[PDB]
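Below are the chains, spelled out letter by letter.
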Amino acid sequence: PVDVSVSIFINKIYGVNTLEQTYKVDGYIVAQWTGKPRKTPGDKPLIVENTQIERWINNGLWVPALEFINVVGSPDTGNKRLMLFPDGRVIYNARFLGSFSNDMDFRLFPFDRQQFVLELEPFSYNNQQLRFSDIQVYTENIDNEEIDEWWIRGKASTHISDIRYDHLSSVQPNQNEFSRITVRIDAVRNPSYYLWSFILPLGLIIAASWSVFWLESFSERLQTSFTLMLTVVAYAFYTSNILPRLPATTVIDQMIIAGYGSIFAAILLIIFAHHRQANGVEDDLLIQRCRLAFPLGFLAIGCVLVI
Amino acid sequence: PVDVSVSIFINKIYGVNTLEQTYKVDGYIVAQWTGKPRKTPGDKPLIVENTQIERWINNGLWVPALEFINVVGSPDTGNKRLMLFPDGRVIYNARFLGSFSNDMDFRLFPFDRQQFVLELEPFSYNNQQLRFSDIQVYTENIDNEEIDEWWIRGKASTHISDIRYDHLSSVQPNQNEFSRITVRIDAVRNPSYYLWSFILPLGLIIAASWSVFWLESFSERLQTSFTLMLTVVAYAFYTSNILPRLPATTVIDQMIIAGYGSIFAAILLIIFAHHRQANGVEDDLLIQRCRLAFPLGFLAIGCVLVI
Amino acid sequence: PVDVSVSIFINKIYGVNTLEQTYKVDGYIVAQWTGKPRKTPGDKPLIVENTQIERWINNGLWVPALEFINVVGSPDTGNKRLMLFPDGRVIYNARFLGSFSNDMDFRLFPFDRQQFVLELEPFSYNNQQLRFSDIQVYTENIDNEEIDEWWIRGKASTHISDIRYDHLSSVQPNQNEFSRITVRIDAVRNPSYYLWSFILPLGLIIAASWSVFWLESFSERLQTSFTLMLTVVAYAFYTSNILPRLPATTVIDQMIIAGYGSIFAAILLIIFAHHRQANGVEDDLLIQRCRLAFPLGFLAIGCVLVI
Amino acid sequence: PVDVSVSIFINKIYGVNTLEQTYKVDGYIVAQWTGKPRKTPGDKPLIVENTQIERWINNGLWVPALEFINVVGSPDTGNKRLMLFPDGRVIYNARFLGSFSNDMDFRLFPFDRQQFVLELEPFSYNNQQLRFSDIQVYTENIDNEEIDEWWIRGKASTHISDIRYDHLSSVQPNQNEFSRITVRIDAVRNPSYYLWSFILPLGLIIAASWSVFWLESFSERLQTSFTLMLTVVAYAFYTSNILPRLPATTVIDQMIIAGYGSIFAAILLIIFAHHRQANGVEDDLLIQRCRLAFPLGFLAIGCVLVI
Amino acid sequence: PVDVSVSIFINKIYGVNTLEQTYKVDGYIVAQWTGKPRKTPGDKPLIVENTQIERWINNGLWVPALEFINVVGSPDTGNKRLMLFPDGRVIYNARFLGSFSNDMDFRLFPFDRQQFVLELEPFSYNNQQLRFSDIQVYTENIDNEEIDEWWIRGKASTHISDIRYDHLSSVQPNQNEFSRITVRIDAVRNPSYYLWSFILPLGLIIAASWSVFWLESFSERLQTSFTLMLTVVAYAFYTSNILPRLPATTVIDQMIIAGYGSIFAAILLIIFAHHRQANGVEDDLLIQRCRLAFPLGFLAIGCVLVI
């Protein structure tokens, strides 16, 4: 079994797609192993670049294919090189930009946290072993973080493991285990932007909707609610169109639904106070009571939301 | 007739396009057959990867081209390999990402269910038979389902068949039947998100629209109706822009049309009650009757919608 | 002149682009001609697939290039094969997906009808003739039609013709006529969806806008119009954003403009009735007259729209 | 200096990108020059197509690369051919689809006019001269123009010139002038659609906004303005989202700004008339005066806009 | 160490992507060095174009690969050429369009300024030195600037430097320093468009919101605020949808949030003035005081924003 040492340099993780749970990773991949020694020009290591690489493979050079397991579509490989050492060492180095898949739960949207993973595995060989994996995710940790959209927490975690494929041929007596390198980078979303421009105004609207009870007439109370109703519909549209697209109910989507309910409940109470008492009494002890209670009931339900 | 065994590993089915009735399928395809025995290095099976494969084809190796019948544009094939066995067996294995087509009826949008199908067929040979198809759609069934957008019902069903092409040449006396593998995966859309964030507020708005009859004056009743009218127009826009795009009337689209009608009918009744009675009587037995009847008429019509 | 028989199988016509007047066509293309006889393996027809085809062309095999005249960008060709017959026949078969152009007038948008055309022509040869064209547009005609977006009317029409290119070289004495195959498929748009979810609510709003005349006060009449004004602005936005994009005025766009005018004319009449009569008379014989007349004037102008 | 005669057939100019000032050009390019005579099959001109062309170049055939100077990314070339004449003539013909750049001023958006240009230049040779350029922009001039989005004014203008590159090597004593072909096609946008569906309603809204002065009460006058304000905000959104995107203020954008100002100026006058006169007088000679003057002040300022 | 002279011609910098902090660069790259002398046809420098270049590399020609460090995906290279001089000089020249990455802070959006940078580095050699970098950013400086979206300030800055890579192999005793060319072009965004069509109406709306205090009744004051509330929600949507997309709070977003706060504070003051005084007094000295003070308080807070 050939010992393969890999190194993955991650330049940038960007372009997260919430609809398809994917993310882009730009960087380099280096893999080193030792083969039979070789006569090189003079005796310095020989450099073979791009189109010249397949010329060496056609003459018999063994270059194993390593596949990104969780990639989404063939990645864009930039420059690639082979470094052929006279003592037998071989170093493959290539620039790449690829889109990778991982299970991503966005339910607690503004305050959610995700981990971006890479999964590397040889495409055809089980008799060849990944010896050690070093990733160099040397993007900043203390340069721009409050300004940046995602907060990387710690240095990336690595784990070389062995994957057992059962459904295989019938001629392999026991060779159905492959070496898989797994890189993981944990990150937390910076909610600053979504707090100020989305959650804050949504609170301001939800709060100010309760000021309908400070209207004197019943006609004033009920008719204004329909203008508040339209405002929440507008704000829900503004929220869903500008924020990333999701077929899942987010924290903000609960806040939106809560606002929807708060207005509908107000309409019920406003009509209730009118027609609850005999002979047209307006239950003024209700309008004034919920004038402060209605704000409190929402805050109590919000805490049980975090139950 | 050559016996070819295929195996299709489905990693992920995603990216449904409602406008073009397409869907993306990432996974692997394996095909195995037995040919004339062959001298391999030593005597272990030889592995030929990617660019090296066409070198073997130029020297005479027979590798049939299998076409995805229902594919939408040439798919993106990642790494590919040939496993050449000394006794004659040949195993082709390739990673692919492709877009596939099938008839998809989205009319009952939030609660609809679809089946994703693959159709495999040799491109040039009828004297070569697909012997058995095993698909490994080992995506979860009981890990994430309530969180996931689609619910896979069962393991994929397959069907190898023979397709008769009539319009052909004139030199084939009887050989116009091709082996077609057909894989089918049934799935049900998870309506959780669309119920809470779309159907529920639409109900709350439609319901609260009936509270126009609880206004005392006629001027209050008619003018408020026009503000409710704007809200339904606003909500239909929010609905059509955020939800997947469709040139077909969906369940939600019927609910939207229903809200449109409920408001217009209210305006008729509101105006009717004013000018229906002689000498300016306001038919107060109507406003109060439909105050509860108008909500009920909508519920009765909704049940005949499910007829 | 070489006799070339073509056959075009049309799997699917989809993805009409109203902004660029284009549409996608998936299917196969077959071309057959007879050349000098040939020694084949044994004596069965030889099959040459994909990358192996250019190998035969480099050894001298004459394979003419057929260009889609009205294609938009080089089309995506899937699998391709050559079938070489010993008696001299040669059959080229290839799967393709391409985007094609044709003049498409969408002015009567919901009820418009278009025809999708293909135009085939050899790229370099005029001394080579397309002998007969058979298209197999065996998409359904009586399976799904009311559910489908477009209605195909009849079997596709074909026409081989001769195109005269004048601006050419100076060395051709008379050879400037090329063989062109022209396929035409006529189709009518299914207006069901646009009627119910777009045309119907637009009528309901336009109609209900006239109910402003049933308000008793003049202040009620004028102020309500401005809320109705906003509703038409809102509905025009919803219409233009969801419906296909066009730099041309459609039937719906005329209906929208009509709604704009109906409201502006209402504001004129409402203000006119106030200040038309001496000493502050409110011309109540106008408000009630146009209470019914204003709806009729719209219907009369709508019929002259179809003039 | 080799004499190269080019001819550019322009099939369609479409896909104007206002954000990036680009446009797509589909058509053919032909280039002819005379070289050393050649032994051809028999003695008829030889046709070399697509993949076969580079075979002749590897054997020594001189085929110069002509670059589209103003192209945006490598263009999509369809079929290409070489016609090798026995007397030495060589004719290169190729189908192409490319995106081209030019400075485009969209400030007078609905009524603007642009010119689409192509710039052709050899990539490596200054000792080779473009002898004459004939373009065949035989798209219609009198077939569909009122229906079409753009109006082509005349046949395209050509200009072969010499471009002086100063910053070059140090070994060229005087050879730093290159032959550049420049094609120009002038076009005027058909404003019919934008007039009816955008400019017309914006006028109606701006006009109808002035009808606020016909309200009797002061409370009626001020409150309605905010509904008209919302209408202009709504209409500004509808305008910017559907119309092509631009980081420049257009004619329509000025009309929008004008509507914003008309309403804001109205609010000032409405509040001014209330509190301008001593003892609470409502300056009724103002409300009625600007009832007609405010429309005129807008019309007077609009004519100074065309100053 | 080989001396390599590069020259970078920048035709156009366009397509800034605010979400991914990228920008497109179209232009040419020229690189010159001197090698062992060479026998050329006759003795003039030989020109080798495109596909013919790799033929010389297969025969042994050394052409080093230079990589754009900050590129986002492999760039699109148009025509490329080699100029082989008899005395040993070699000139590589290629057209390219590429997407490049750099840290871009858009927080002060309308008035922000950015710098577009390129970073060039050899892919495999440290024993080869970039001798001098000359960029020709000969885009206009005094032709169109007020009309153009970006303002280039000065001639582009260059800096050849040495980058120390630590994490490397174990066989290099001291050779881990690479030559990096860094080009920088400073640019300031032209805020003209965003001022007139976005900042100005936002001011007009924010200002006119203060006119709620000039209403006489309390019911008029509170109900109108909710219509003003909806207008800001609409305008926030229009702002975020049309302006470039950003997960960061911009100057406009602060102006938007300020408008949100201004209205909510008014609702508090409007309700405060009602219920602050004993026995139902309406604190008319507040409504009139903040009638002018509320405008001033916003202006006072706005200057401390620029603190």
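Numbering of residues starts from 1 on every chain and follows the written order of that chain's sequence, so it may differ from the entry's own numbering; residues lacking coordinates are omitted. Lettering for chains starts from A, numbering for ligands starts from 1, and both go in the order in which the items are written. Side-chain measures were taken over the full set of non-hydrogen atoms in the model, leaving aside hydrogen atoms and water.

- Looking at the entry header, you'll see X-ray crystallography listed as the method and 3.200 Å as the resolution.

### A short note on the packing of aromatic side chains
- What counts as a ring pair is set by centres within 6.5 Å for rings of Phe, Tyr and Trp (its six-membered ring), and what kind of pair is set by the plane angle: stacked under 30 degrees, edge-to-face over 60, tilted for all other angles. Using the criterion set out here, one finds 88 aromatic pairs over all chains in the structure.
- On the basis of an interplanar angle of 40° and a centroid distance of 5.2 Å, the ring pair of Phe68 of chain A and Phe96 of chain A is categorised as tilted. Separated by 28 residues along the polypeptide, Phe68 of chain A in strand β4 (residues 66–68) and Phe96 of chain A in strand β6 (residues 89–101) bring together distant segments of the chain.
- Burial here depends on accessible area, computed with a 1.4 Å probe over protein chains only, as a share of the maximum for the residue type. Under 20% is buried, over 50% is exposed, and the range in between is partly exposed. Owing to a relative accessible area of 3%, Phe96 of chain A belongs among the buried residues under this scheme.
- Seen in terms of ring centroids, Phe96 of chain B and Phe100 of chain B are 6.4 Å apart; in terms of plane orientation they differ by 75°. Their pairing is edge-to-face.
- The ring of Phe85 of chain D has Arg89 of chain D lying over it, and the distance from NZ or CZ to the ring centre is 4.2 Å.
- The criterion is that NZ of a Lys, or CZ of an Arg, lies within 6 Å of the ring centre and within 35 degrees of the ring normal, and then a charge sits over that ring. Stacked on the ring of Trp214 of chain D, the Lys or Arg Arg291 of chain D has its end atom at 4.4 Å from the ring centre. A helix here means a DSSP run of H or I that spans at least four residues, while a strand means a run of E at least two residues long, and both kinds are numbered starting from the N terminus.

### Digging into the domain arrangement of chain A
Residues and elements named next belong to chain A.
- Each domain of chain A was delimited in the assignment, giving domain 1 (1–190) and domain 2 (191–307).
- The gap between the C-alpha centroids of domain 1 and domain 2 is 51 Å.
- Facing 13 residues of domain 1, the contacting portion of domain 2 comprises 15 residues.
- Roughly 1,200 Å² is buried in total at the junction of domain 1 and domain 2, and carbon and sulfur atoms are behind 74% of that figure.
- Considering only the side of domain 1, the residues that lose the most area to domain 2 are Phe109, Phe111 and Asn190, jointly responsible for 43% of the buried surface there.
- We count a salt bridge whenever a side-chain nitrogen from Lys or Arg sits within 4 Å of a carboxyl oxygen from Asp or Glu. Along the contact surface separating domain 1 from domain 2 lie zero salt bridges. A domain assignment, automatic or from a database, supplies the domain bounds used here. Note on contacts: a residue pair qualifies if any of its non-hydrogen atoms lie within 4.5 Å across the two residues. Simply put, the buried area is the total loss of 1.4 Å probe accessible area from both parts when two parts are fitted together.

### What to know about the interface of chain A and chain E
- At the interface, 57 residues of chain A touch 51 residues of chain E.
- Taken together, both faces of the contact between chain A and chain E bury some 4,500 Å²; the carbon and sulfur share is 61%.
- Notably, a salt bridge pairs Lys24 of chain A with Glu20 of chain E, separated by 3.2 Å at the nearest N-O pair.
- Any pair of nitrogen or oxygen atoms within 3.5 Å is treated as a polar contact; in protein, a donor-acceptor pairing is required on top of that, and neighbouring residues in sequence qualify only through side-chain atoms on both sides. Counting across the chain A and chain E interface gives 20 residue pairs in polar contact.
- Elements supplying a minimum of two residues to the side of chain A that touches chain E: β1 (2–17), β2 (22–34), β3 (46–49), α1 (51–58), β5 (76–84), β6, α2 (192–209) and α3 (218–242) of chain A.
- Under the scheme applied, nonpolar residues are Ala, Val, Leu, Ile, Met, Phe, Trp, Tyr, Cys and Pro; charged residues are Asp, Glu, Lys and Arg; polar residues are all the others, including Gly. Split into classes, the residues belonging to the side of chain A that touches chain E amount to 28 nonpolar, 15 polar and 14 charged.

### Considering the interface of chain D and chain C
- Counting from both sides, the interface comprises 57 residues of chain D and, opposite them, 51 residues of chain C.
- Of the roughly 4,600 Å² buried between chain D and chain C on both sides combined, carbon and sulfur atoms contribute 61%.
- Between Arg95 of chain D and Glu67 of chain C there is a salt bridge whose closest N-O contact spans 3.2 Å.
- At the junction of chain D with chain C, the criterion picks out 18 residue pairs in polar contact.
- No other element matches the twelve residues that helix α3 (residues 218–242) of chain D contributes to the side of chain D that touches chain C.
- Class assignment of the residues belonging to the side of chain D that touches chain C gives a composition of 28 nonpolar, 15 polar and 14 charged.

### With respect to the side chain of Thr22 of chain C
- Checked against the element boundaries, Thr22 of chain C lands in strand β2 (residues 22–34).
- Once residues lying within four places of it in the same chain are set aside, the contact partners of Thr22 of chain C are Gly15, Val16, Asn17, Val72, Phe100, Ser101 and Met104 of chain C together with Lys12 of chain D.

### Here's the deal with the state of the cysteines
Residues and elements named next belong to chain B.
- Disulfides are defined as pairs of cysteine sulfur atoms found within 2.5 Å of each other. With the rule as written, the count across this model stands at zero disulfides over all chains.
- The thiol of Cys303 is not disulfide-bonded; the next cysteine sulfur, from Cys290, is found 20 Å away.
- By relative accessible area, which is 57% here, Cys303 ends up exposed.

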